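Contents: one structure, followed by commentary.
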Amino acid sequence: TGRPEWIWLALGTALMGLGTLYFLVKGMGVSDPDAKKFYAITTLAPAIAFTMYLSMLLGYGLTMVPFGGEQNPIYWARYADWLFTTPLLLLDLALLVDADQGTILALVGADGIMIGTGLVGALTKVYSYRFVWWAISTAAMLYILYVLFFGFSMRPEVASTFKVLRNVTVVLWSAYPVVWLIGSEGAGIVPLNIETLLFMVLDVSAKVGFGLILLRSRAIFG
Amino acid sequence: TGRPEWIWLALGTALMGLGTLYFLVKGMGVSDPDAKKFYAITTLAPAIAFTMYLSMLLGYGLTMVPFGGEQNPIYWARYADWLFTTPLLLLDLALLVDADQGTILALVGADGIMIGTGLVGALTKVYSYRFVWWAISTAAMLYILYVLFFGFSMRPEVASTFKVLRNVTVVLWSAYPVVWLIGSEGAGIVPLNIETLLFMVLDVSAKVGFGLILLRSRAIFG
Amino acid sequence: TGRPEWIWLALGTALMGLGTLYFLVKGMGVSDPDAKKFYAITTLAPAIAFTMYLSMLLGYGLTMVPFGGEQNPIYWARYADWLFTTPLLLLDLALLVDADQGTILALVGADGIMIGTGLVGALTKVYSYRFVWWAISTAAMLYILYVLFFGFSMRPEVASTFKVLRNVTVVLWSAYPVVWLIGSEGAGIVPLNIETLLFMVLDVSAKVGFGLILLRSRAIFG
Ligand SMILES: CC(C)CCCCCCCCCCCC[C@H](C)CCCCCCCC(C)C
Ligand SMILES: CC(C)CCCCCCCCCCCC[C@H](C)CCCCCCCC(C)C
Ligand SMILES: CC(C)CCCCCCCCCCCC[C@H](C)CCCCCCCC(C)C
Ligand SMILES: *C\C=C(C)/C=C/C=C(C)/C=C/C1=C(C)CCCC1(C)C
Ligand SMILES: *C\C=C(C)/C=C/C=C(C)/C=C/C1=C(C)CCCC1(C)C
Ligand SMILES: *C\C=C(C)/C=C/C=C(C)/C=C/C1=C(C)CCCC1(C)C
């Protein structure tokens, strides 16, 4: 359509949907409780992602925010996307190590403050305050990843599995605040169509790729 | 008032409130844990429903959406209603059969995508895309009901109880996407005042009736 | 800034942030599960509160509502604040006595109807209906506190601890609907800058003070 980033919203819609289906069919048959939790958690993300990517593609997940002298297109559906799918990722990581509730409660709460303050940053009309919200949202993320290491006697399956998804996690998660800071929402260094592609690349890798790495091990079975 | 559907919003407000009270007084005395969960879940729905029906009655739960050449009155409070009360219904059904977490997580998540995409459909200005959101929301519902049967060794109390509320569930739940598709939100086949009545009839039967069928058995006691 | 209540939004921002930090550092080291839940719950509130107080301070958490012949400044971030932090308080109180799920589900649900209908009251343009929402929100709160006493064999630690925070709870919680009713949102008896101070005084005492009373006892340790 008229928006150059359309192609990347369409490709991400497509990869999120083909990914959930894969996951659905993959999930049919399974009857292991625990396994019935990663499939759930793991399948729902691009499931939710699918709808949120489609809401962007069709234009619903978009709003205009004025700042720095203009009308900046802002896809709030991302935050609705992540606010629902980041704890799924942290729940998959959490259940993985068997985290006590107090820390899981601490992770999703920092999580909604992370997405929550990320979304506040996204829609704040005062340019310099956008970077205050980023800094608090980055400190919460920066907080979560700190727990993601020394925040916690596991089986060598889930654990080695835990190294991967955590390292893929720091790099992936930390890449998100850099793309925000450099794209149209932040300094405006990188064009929205490139930022959209970077986010869809992280989202598909986060949703589908990270998905394709977790459930393909017996780290998930009880 | 000026809106012909007012009478049905007022009657539903009334039946939701008299229903929660019934449930409240009914619930006082009870000290069985499990039983303390159906009363909770079961009472809260028309409790929440009451407030959401009243917000419609008083006009707050209403917004105007342009499409197909006009300003269509849209009661978003329904989705806020269902987004909060449909998992209560699925939690009552779920706890009922004792569903593992992975499937309960899978049901509420499809559930918020169901209400979530239903609400997206409801407020999307592009007429043909409204029917795409309906189709995904119907596929999630269509998904949930599929689990509602072959998605799972129970006592003959909860189980026979489970036949009822599930069958009342498929017919009730499946009636909702038909009323949406045929009313003002969808094809506009049926007037808003008739659609409102159908929804309030399903909502009262869903909230109060379905309520009046569950807790009046020892299928709920531990 | 131009708003006289700014000073109180700035002080509350500050006290909420210094308070979470205190709590964070206090929380580092702890490895007791249960204790890892009060710190979580307890720390997150002024954590969330911090961001919501800052969103008010910077102007984001504010909207204008017309009624009684004018444009009344309304800080919706409070409800987003409380909707997220009141169940944390009730979870701290709940876990404290070890409440069965049915009642905890019943408390947060009345809770979101309390904040939920409080927020509806806050943004309703019809003046007399604002007081209907207050009355339902007060009845839910009035409901929660009723459970807060006779809504439930505990250790003399958590229990005596329970007397305090509950009594501090009724007075604190009940003070909130009085400040609402008397401030700019309600009868307009008390100026917004005084109402803001009263709420920040309750919020800081609720978030930080109530915080500073709970975790400083072994009522929290397992
Ligand atoms: C064969 C299997 C395992 C999966 C393929 C199903 C297709 C849809 C989504 C999965 C695609 C690829 C794996 C995810 C990995 C990535 C790091 C995602 C970023 C790349 C984006 C475009 C490149 C191609 C791919 C989408 C296959
Ligand atoms: C006597 C008991 C069990 C309940 C009556 C309390 C009143 C309020 C709500 C309950 C009403 C009726 C039972 C619910 C069943 C229905 C299928 C609802 C649809 C009907 C709507 C109008 C018809 C009358 C009734 C509301 C009694
Ligand atoms: C020394 C410790 C325990 C705490 C101090 C850290 C500072 C920040 C927040 C804590 C402040 C005070 C305790 C909370 C109690 C109150 C009833 C709050 C209302 C008072 C507001 C202003 C008065 C001063 C104080 C904020 C210290
Ligand atoms: C969908 C999956 C992933 C893991 C999404 C993760 C996204 C982030 C981790 C976001 C952090 C953000 C922060 C830290 C800074 C401001 C805005 C963001 C929301 C992009
Ligand atoms: C309040 C109780 C009940 C069971 C509500 C159930 C409602 C639905 C099941 C809705 C499904 C919808 C779908 C399937 C299609 C588009 C829009 C709806 C939200 C009405
Ligand atoms: C942040 C901590 C506390 C305990 C906040 C508690 C707030 C209330 C208890 C609010 C009740 C309200 C009611 C009862 C009446 C209408 C509006 C309010 C939301 C202020």
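Ligands are numbered from 1 in the order shown, chains are lettered A, B, ... in the order of the structure tokens, and residues start at 1 in each chain.
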
Query raised in the report: Running DSSP on the backbone, which parts of segment 33-219 of chain B land in helix (DSSP H, G or I), as a PyMOL selection string?
Result: chain B and resi 35-57+77-97+101-123+127-150+156-182+192-214

Within 9 Å of chain A, which residues of chain B show up? Give each one with its shortest atom-to-atom distance in Å (one decimal) and the two atoms involved, counting only C-alpha atoms, rows by chain then rising residue number, as a tab-separated table.
residue	atom	partner	partner_atom	distance
B:100	CA	A:33	CA	6.4
B:101	CA	A:37	CA	6.7
B:102	CA	A:37	CA	3.9
B:103	CA	A:36	CA	6.8
B:104	CA	A:40	CA	8.8
B:105	CA	A:40	CA	6.4
B:106	CA	A:40	CA	5.2
B:107	CA	A:40	CA	9.0
B:109	CA	A:44	CA	6.7
B:110	CA	A:44	CA	7.6
B:113	CA	A:48	CA	6.7
B:117	CA	A:51	CA	7.4
B:120	CA	A:60	CA	8.0
B:123	CA	A:60	CA	8.9
B:124	CA	A:60	CA	6.7
B:125	CA	A:60	CA	8.5
B:126	CA	A:58	CA	8.8
B:129	CA	A:58	CA	7.9
B:133	CA	A:51	CA	8.6
B:136	CA	A:51	CA	8.3
B:152	CA	A:31	CA	8.7

Atoms kept (C-alpha atoms) for selection, written as a PDB file, in the first residue's frame:
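Printed below is result.pdb as written:
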ATOM      1  CA  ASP B 100      -4.156 -28.649  33.325  1.00  0.00           C
ATOM      2  CA  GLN B 101      -2.731 -25.125  33.304  1.00  0.00           C
ATOM      3  CA  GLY B 102      -1.360 -25.378  29.763  1.00  0.00           C
ATOM      4  CA  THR B 103      -4.883 -25.733  28.384  1.00  0.00           C
ATOM      5  CA  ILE B 104      -6.338 -23.122  30.715  1.00  0.00           C
ATOM      6  CA  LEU B 105      -3.599 -20.767  29.604  1.00  0.00           C
ATOM      7  CA  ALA B 106      -4.465 -21.745  26.039  1.00  0.00           C
ATOM      8  CA  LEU B 107      -8.165 -21.038  26.552  1.00  0.00           C
ATOM      9  CA  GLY B 109      -5.340 -16.472  25.590  1.00  0.00           C
ATOM     10  CA  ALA B 110      -7.470 -17.587  22.676  1.00  0.00           C
ATOM     11  CA  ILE B 113      -7.735 -12.950  21.170  1.00  0.00           C
ATOM     12  CA  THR B 117     -10.093  -9.520  17.875  1.00  0.00           C
ATOM     13  CA  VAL B 120     -10.829  -4.962  16.906  1.00  0.00           C
ATOM     14  CA  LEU B 123     -13.989  -0.686  15.952  1.00  0.00           C
ATOM     15  CA  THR B 124     -12.301  -1.191  12.554  1.00  0.00           C
ATOM     16  CA  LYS B 125     -13.432   1.483  10.090  1.00  0.00           C
ATOM     17  CA  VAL B 126     -12.756  -0.622   6.960  1.00  0.00           C
ATOM     18  CA  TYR B 129     -11.817  -6.008   7.398  1.00  0.00           C
ATOM     19  CA  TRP B 133     -11.480 -10.001  12.607  1.00  0.00           C
ATOM     20  CA  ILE B 136     -10.226 -14.870  13.392  1.00  0.00           C
ATOM     21  CA  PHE B 152      -8.925 -32.926  27.686  1.00  0.00           C
TER      22      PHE B 152
END

Report task. Please extract the residues at most 8 Å from ligand 4, counting only C-alpha atoms and all ligand atoms, and provide them as a PyMOL selection string, using the chain letters and residue numbers of this document. Result -> chain A and resi 45+49+79+81-82+85-86+89+114-119+121-122+133-142+169+172-181+202-204+206-207

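The spacing separating atom CA of residue 88 of chain C from atom 3 (C, counted along the ligand's line) of ligand 6 amounts to 9.3 Å.
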
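The residues of segment 8-175 of chain A that DSSP classifies as strand (DSSP E), using the backbone of this structure, are residues 63, 64, 65, 66, 67, 70, 71, 72, 73 and 74 of chain A.
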
Save the residues we just selected, N, CA and C atoms, as a PDB file, in the first residue's frame?
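As written to disk, selection.pdb reads:
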ATOM      1  N   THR A  63      -1.173   4.885  15.102  1.00  0.00           N
ATOM      2  CA  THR A  63      -1.680   6.182  15.547  1.00  0.00           C
ATOM      3  C   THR A  63      -0.676   7.284  15.264  1.00  0.00           C
ATOM      4  N   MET A  64      -1.108   8.541  15.183  1.00  0.00           N
ATOM      5  CA  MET A  64      -0.149   9.616  14.923  1.00  0.00           C
ATOM      6  C   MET A  64       0.159  10.399  16.198  1.00  0.00           C
ATOM      7  N   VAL A  65       1.445  10.606  16.454  1.00  0.00           N
ATOM      8  CA  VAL A  65       1.937  11.374  17.588  1.00  0.00           C
ATOM      9  C   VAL A  65       2.796  12.552  17.127  1.00  0.00           C
ATOM     10  N   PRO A  66       2.425  13.748  17.561  1.00  0.00           N
ATOM     11  CA  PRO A  66       3.197  14.944  17.221  1.00  0.00           C
ATOM     12  C   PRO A  66       4.346  15.172  18.197  1.00  0.00           C
ATOM     13  N   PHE A  67       5.487  15.553  17.632  1.00  0.00           N
ATOM     14  CA  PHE A  67       6.668  15.846  18.439  1.00  0.00           C
ATOM     15  C   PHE A  67       7.833  16.179  17.511  1.00  0.00           C
ATOM     16  N   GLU A  70       6.425  17.401  14.163  1.00  0.00           N
ATOM     17  CA  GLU A  70       5.733  16.598  13.160  1.00  0.00           C
ATOM     18  C   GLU A  70       4.836  15.504  13.742  1.00  0.00           C
ATOM     19  N   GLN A  71       4.167  14.840  12.815  1.00  0.00           N
ATOM     20  CA  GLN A  71       3.205  13.770  12.943  1.00  0.00           C
ATOM     21  C   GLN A  71       3.842  12.412  12.640  1.00  0.00           C
ATOM     22  N   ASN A  72       4.382  11.795  13.678  1.00  0.00           N
ATOM     23  CA  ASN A  72       5.117  10.542  13.614  1.00  0.00           C
ATOM     24  C   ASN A  72       4.208   9.326  13.710  1.00  0.00           C
ATOM     25  N   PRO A  73       4.274   8.453  12.707  1.00  0.00           N
ATOM     26  CA  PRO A  73       3.409   7.263  12.719  1.00  0.00           C
ATOM     27  C   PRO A  73       3.879   6.308  13.802  1.00  0.00           C
ATOM     28  N   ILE A  74       2.967   5.903  14.688  1.00  0.00           N
ATOM     29  CA  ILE A  74       3.416   5.077  15.808  1.00  0.00           C
ATOM     30  C   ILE A  74       2.573   3.821  15.943  1.00  0.00           C
TER      31      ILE A  74
END

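Shortest separation to ligand 2 among B:163, B:130, B:3, B:26 occurs at residue B:26, atoms counted being only C-alpha atoms and all ligand atoms.
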
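Using only C-alpha atoms and all ligand atoms as the basis for the distance check, residues found within 7 Å of ligand 2 are residues 15, 16, 18, 19, 22, 201, 202, 204, 205, 208, 209 and 212 of chain B.
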
I need the chosen residues saved as a PDB file, in the first residue's frame, with C-alpha atoms.
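What ended up in again.pdb:
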ATOM      1  CA  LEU B  15     -31.228  -8.665  35.745  1.00  0.00           C
ATOM      2  CA  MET B  16     -27.491  -8.625  36.156  1.00  0.00           C
ATOM      3  CA  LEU B  18     -30.545  -8.845  41.003  1.00  0.00           C
ATOM      4  CA  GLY B  19     -28.554 -11.828  39.842  1.00  0.00           C
ATOM      5  CA  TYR B  22     -28.857 -13.576  44.674  1.00  0.00           C
ATOM      6  CA  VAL B 201     -30.614 -12.491  26.443  1.00  0.00           C
ATOM      7  CA  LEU B 202     -27.378 -14.411  25.904  1.00  0.00           C
ATOM      8  CA  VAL B 204     -28.208 -12.815  31.189  1.00  0.00           C
ATOM      9  CA  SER B 205     -28.480 -16.515  30.313  1.00  0.00           C
ATOM     10  CA  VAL B 208     -27.210 -15.449  35.349  1.00  0.00           C
ATOM     11  CA  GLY B 209     -28.814 -18.538  33.784  1.00  0.00           C
ATOM     12  CA  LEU B 212     -28.204 -20.572  38.027  1.00  0.00           C
TER      13      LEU B 212
END

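Closest to ligand 6 among C:17, C:2, C:222, C:211 is C:211, based on only C-alpha atoms and all ligand atoms.
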
**Report entry** Within 9 Å of residue 192 of chain B using only C-alpha atoms, minus same-chain residues under 6 positions, as number ranges by chain
**Finding:** B: 4-5, 73, 183-185

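Of the listed residues C:6, C:210, C:50, C:143, the one whose atoms come nearest to ligand 3 is C:210, with distances taken using only C-alpha atoms and all ligand atoms.
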
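Closest approach to ligand 3 from the set C:194, C:14, C:77, C:7 is made by C:14, with distances taken over only C-alpha atoms and all ligand atoms.
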